[PDB]
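Quick notes on the structure that follows.
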Amino acid sequence: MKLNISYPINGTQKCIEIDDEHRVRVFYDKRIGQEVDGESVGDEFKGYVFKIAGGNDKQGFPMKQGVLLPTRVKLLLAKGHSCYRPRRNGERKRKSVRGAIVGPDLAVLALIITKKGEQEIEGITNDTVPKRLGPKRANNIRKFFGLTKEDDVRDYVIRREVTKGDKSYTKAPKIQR
Amino acid sequence: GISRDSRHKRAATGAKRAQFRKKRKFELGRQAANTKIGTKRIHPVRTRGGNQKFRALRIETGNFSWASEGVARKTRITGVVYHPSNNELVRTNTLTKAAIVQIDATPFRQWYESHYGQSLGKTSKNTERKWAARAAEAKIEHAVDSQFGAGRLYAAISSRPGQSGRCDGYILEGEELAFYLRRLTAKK
Amino acid sequence: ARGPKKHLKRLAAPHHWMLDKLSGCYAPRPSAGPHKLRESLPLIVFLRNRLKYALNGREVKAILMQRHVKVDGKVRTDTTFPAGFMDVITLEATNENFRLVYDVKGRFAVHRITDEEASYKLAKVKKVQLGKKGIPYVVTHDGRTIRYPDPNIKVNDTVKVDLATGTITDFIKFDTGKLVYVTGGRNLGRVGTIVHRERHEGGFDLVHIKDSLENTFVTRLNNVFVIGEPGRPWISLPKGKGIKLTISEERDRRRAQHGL
RNA sequence: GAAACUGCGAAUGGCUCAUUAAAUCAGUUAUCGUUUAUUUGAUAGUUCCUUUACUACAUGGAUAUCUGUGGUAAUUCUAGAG
RNA sequence: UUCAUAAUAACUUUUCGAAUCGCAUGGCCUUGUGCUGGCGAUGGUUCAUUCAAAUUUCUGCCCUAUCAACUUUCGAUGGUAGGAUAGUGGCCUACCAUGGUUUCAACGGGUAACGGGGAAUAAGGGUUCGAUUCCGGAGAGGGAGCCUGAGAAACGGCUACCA
Ligand SMILES: [Mg+2]
Ligand SMILES: [Mg+2]
Ligand SMILES: [Mg+2]
Ligand SMILES: [Mg+2]
Ligand SMILES: [Mg+2]
Ligand SMILES: [Mg+2]
Ligand SMILES: [Mg+2]
Ligand SMILES: [Mg+2]
Ligand SMILES: [Mg+2]
Ligand SMILES: [Mg+2]
Ligand SMILES: [Mg+2]
Ligand SMILES: [Mg+2]
Ligand SMILES: [Mg+2]
Ligand SMILES: [Mg+2]
Ligand SMILES: [Mg+2]
Ligand SMILES: [Mg+2]
């Protein structure tokens with residue numbers, strides 16, 4: 001089934017389709033938050049290792065963390081929980097949700113790559129996705145720079161330039177605190 | 001869901017009132033605290049108009065006051081020995097208001113020792129002159145000395161742990177204590 | 001209803017706002033403020049209706065927003081502000097100053113009153129209490145809480161707030177033979193002198209009032225507002241001074257004073 | 001100035017008369033028997049705890065919006081990553 | 001009034017006591033980013049006031065006796081203590097007392113009964129109507145249960161059963 005792999009440090013990710021019944025066999029009976037070696041999921045995944053963080057059932061129901069069940073169940077979710085977003089304040093809703101144990105009923109497996117392996121993936125182990133925007137709070141910028149705090153962080157704010165086609169203009173965030 | 005409205009009760013005459021309206025929210029009643037002893041565990045409850053209330057189930061220590069010389073000290077509740085409403089709470093060690101409990105009684109003891117120094121159960125010149133000015137006026141009655149020798153004081157709680165969350169009360173003393181010993185001797 | 005009510009249908013508005021029973025389904029509900037809504041007067045009513053300076057709701061909103069209304073020396077930019085009895089409304093445009101006092105028909109009449117006296121205001125003492133740290137304080141009918149009052153100021157008494165600093169300037173002690181105003185019931189707008197104040201142990205004090213025309217009535221003490229000493233009112237009484245001419249006397253006034 | 005977070009209202013208004021015969025309601029009282037966002041008027045030095053070593057010229061981490069990957073036939077369904 | 005308030009002893013899984021925004025940015029010269037400094041906007045503890053909300057006293061309701069006794073083991077009336085309540089209160093629990101209403105119609109039954117301000121009718125007395133333009137109450141298919149908030153047992157809010 002579909003596997004959504006995500007490398008955090010490169011900040012990249014991809015979707016991979018697998019049809020063989022045996023590469024996914026190791027994913028069976030493995031709950032969210034566990035680690036599975038990359039040798040047993042693909043001969044191109046040598047050295048790799050997969051943290052399992054959520055997924056989607058064949059009916060589209062996501063798997064909630066800490067359900068420890070290989071089936072679906074109806075749960076009364078509220079604010080703070082996953083698999084639900086409340087519209088009104090304190091609006092509890094009873095919704096279906098897949099259990100945290102991975103079984104054959106799954107359709108997408110959300111997987112983090114943790115350890116860099118031997119054979120490199122196309123654009124995940126190689127390419128890096130830049131951060132879309134930098135820090136905003138003053139001390140956050142200082143920490144992101146290691147700026148020896150008493151150094152007038154005023155100027156060191158990043159400044160993104162965009163060209164309208166006729167005018168090049170700068171846009172930089174306002175520093176809070 | 002526990003209502004406290006008067007509608008469900010019969011009329012003074014005795015007629016069975018028909019249901020006028022489904023019970024409201026400003027008439028609600030919540031579960032009893034039925035507090036216990038040990039491992040302090042107070043749960044906040046958000047009541048009408050904010051105004052946090054504190055359920056004080058499983059409370060071990062609290063403030064207790066002595067009326068004669070009027071001094072308050074934090075001390076441990078050690079079991080309940082009498083309850084004027086239901087002895088079942090006594091058997092289950094459920095602590096509610098007006099219950100009668102025993103006190104570790106040490107803090108009162110060395111407060112007395114550092115305050116009068118009469119060596120119950122059987123220095124700087126300033127302290128000596130204070131004691132001389134006191135002139136052995138600490139003639140507190142005999143029964144409290146008896147349980148001081150025993151080591152456990154007899155206190156009656158006065159705070160409501162169900163609402164306040166605290167565990168405050170006052171020692172039985174004077175004729176008060178007398179009365180309850182009679183009742184306790186009825187238990188004995 | 002489950003919670004506060006925020007709409008005032010037109011017929012349910014007090015008959016002293018005395019609006020038009022047609023031309024509208026609702027009436028301006030006064031927002032929470034210094035006066036009871038039954039006794040108060042929204043600024044929109046005072047401007048659109050009493051003064052006709054505006055024409056409708058938008059005009060009153062524009063008037064209040066640009067900070068030309070000053071209720072007791074403060075702006076009060078909300079349309080339904082409850083400008084109640086004895087409040088002062090200042091318009092720097094037209095440099096005009098009004099004080100709300102009932103005309104003897106019993107209505108909030110438009111009383112153009114001078115700038116010099118517009119500096120201060122009168123108030124009735126509704127409570128005298130001791131707040132935290134043993135600090136005496138006095139609560140007037142506006143809800144103004146004046147701290148550190150004169151030690152012999154008592155309840156039902158009257159005070160003269162300077163309305164600039166908001167402190168106590170002078171006060172009048174309630175007792176017999178004293179000029180007085182009425183603020184409720186059939187005797188709205190009536191002005192007289194206290195002849196007797198029967199106690200009635202257990203509640204609901206009553207006072208007897210005799211006016212200049214030598215007519216006599218009786219009114220509740222909650223309903224009473226001492227206004228000064230006889231012959232020397234502490235404010236400028238409205239036209240007619242609240243004598244409550246009889247209907248036949250009013251007809252004779254219409255017939256006699258008549259020029260067209 | 002979209003979106004989203006935050007705040008506030010959504011308990012007002014509108015409709016109907018099914019239930020209800022000391023029930024509702026009306027007039028008249030009481031709350032020295034209580035909660036009260038808001039509006040209005042006032043309202044606080046002590047947060048030091050042994051004060052002869054602290055950020056007060058400003059303390060920390062997430063988090064939506066967004067960038068991208070999806071799932072379900074579909075619902076104001078939303079899981080993973082930054 | 002055990003009130004307002006004050007004071008002593010203590011207590012707290014220690015609430016608040018501005019690390020927030022806009023405009024104008026003046027004065028002092030200790031002439032530096034130095035010292036101060038106005039008008040507001042949001043907050044914020046407490047006490048008042050207002051919008052209120054809950055209860056609450058007396059009196060008042062249509063027909064029916066082919067409804068004369070009704071209520072209490074399951075609260076019926078009261079006592080005490082506790083629990084819960086925002087708060088009084090059999091509102092609930094524990095233990096006691098056996099009490100409360102009734103021929104001045106209680107209790108039960110009926111209402112093609114929501115109550116009222118009012119409408120028709122009109123010598124006077126009255127008779128009938130009042131679902132509906134205002135005030136109250138109740139309800140969102142029938143039932144229960146609840147989160148958020150100051151305020152809901154909310155339903156153009158959720159949970160479950162029944163249809
Ligand atoms: Mg309504
Ligand atoms: Mg009946
Ligand atoms: Mg007191
Ligand atoms: Mg009681
Ligand atoms: Mg009717
Ligand atoms: Mg009906
Ligand atoms: Mg009707
Ligand atoms: Mg009908
Ligand atoms: Mg209505
Ligand atoms: Mg409803
Ligand atoms: Mg229907
Ligand atoms: Mg709110
Ligand atoms: Mg409902
Ligand atoms: Mg609807
Ligand atoms: Mg509605
Ligand atoms: Mg909803």
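Compactness of the protein assembly as shown is given as radius of gyration and Dmax, 40.0, 117 Å, from Cα positions.
Cross-link partners of B:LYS36 among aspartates and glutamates, defined as those whose alpha carbon lies under 19 angstrom from its own and excluding same-chain residues fewer than eight positions apart: B:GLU60, B:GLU88, B:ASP104, B:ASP168. Using the Karplus relation 6.51 cos²θ - 1.76 cosθ + 1.60 with θ = phi - 60°, the per-residue 3J(HN,Hα) values for region A:39-53 come to 5, 8, 9, x, 5, 8, 9, 5, x, 5, 8, 10, 7, 9, 10 Hz, with x marking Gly and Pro. A simple packing score, the average count of other Cβ atoms within 10 Å per residue, orders the peptides A:166-177, B:152-163, C:65-76 as B:152-163, C:65-76, A:166-177, with the highest score first. Amide hydrogen proximity for B:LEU28: with H placed 1.01 Å from N in the peptide plane, no residue at 5 or more positions away or on another chain lies under 5 Å. Under the convention that each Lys and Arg Cβ holds +1 and each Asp and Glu Cβ holds -1, the size of the dipole of region C:174-244 around its Cα centre is about 300 debye. Rounded to the nearest 20, the size of the Cβ-charge dipole of chain A about its Cα centre is 1820 debye, with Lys and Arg at +1 and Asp and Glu at -1. Neighbours of C:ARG190, meaning other residues whose beta-carbon lies under 14 angstrom from its beta-carbon, give a summed charge of +4 when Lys and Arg score +1 and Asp and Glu score -1. Placing +1 on each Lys and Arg Cβ and -1 on each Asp and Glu Cβ, with no other charges, gives region B:106-151 a dipole about its Cα centre of roughly 200 debye. Using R0 = 60 Å, the C-beta based FRET efficiency linking A:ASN140 and C:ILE247 works out to 0.15. Cross-link partners of A:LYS136 among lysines, defined as those whose alpha carbon lies under 20 angstrom from its own and excluding same-chain residues fewer than eight positions apart: A:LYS149, A:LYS171, A:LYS174. Here region B:13-37 and region A:31-46 have alpha carbon centers that stand 59 Å from each other. With a cut-off of 19 Å on the backbone N, the residues of region C:154-180 near the modelled label site 7 Å out from C:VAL195 along Cα-Cβ are C:175-180. Region C:105-162 and region B:41-117 have Cα centres spaced 49 Å apart. Counting only residues at least eight positions apart within a chain, or on another chain, the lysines with an alpha carbon under 21 Å from that of B:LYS139 are B:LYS122, B:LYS130. Checked against a 21 Å cut-off, the cross-linked pairs A:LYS14/A:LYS143; B:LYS9/C:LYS5; A:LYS64/A:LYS93; C:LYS74/C:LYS105 give Cα-Cα distances beyond that limit for A:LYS14/A:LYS143; B:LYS9/C:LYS5; C:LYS74/C:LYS105.
Over chain C, what relative contact order in percent results from Cα pairs under 8 Å that are six or more residues apart? Let's see the in-between values first.
On the way: 499 pairs, mean separation 31.5, N = 260.
Across chain C, relative contact order equals 12 percent.
Every number in this text was worked out from the coordinates using simple rules, so none of it is lab data. Quick reminder, even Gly has a Cβ in these numbers, built from the backbone with ideal geometry, and neighbours come from all protein chains shown.
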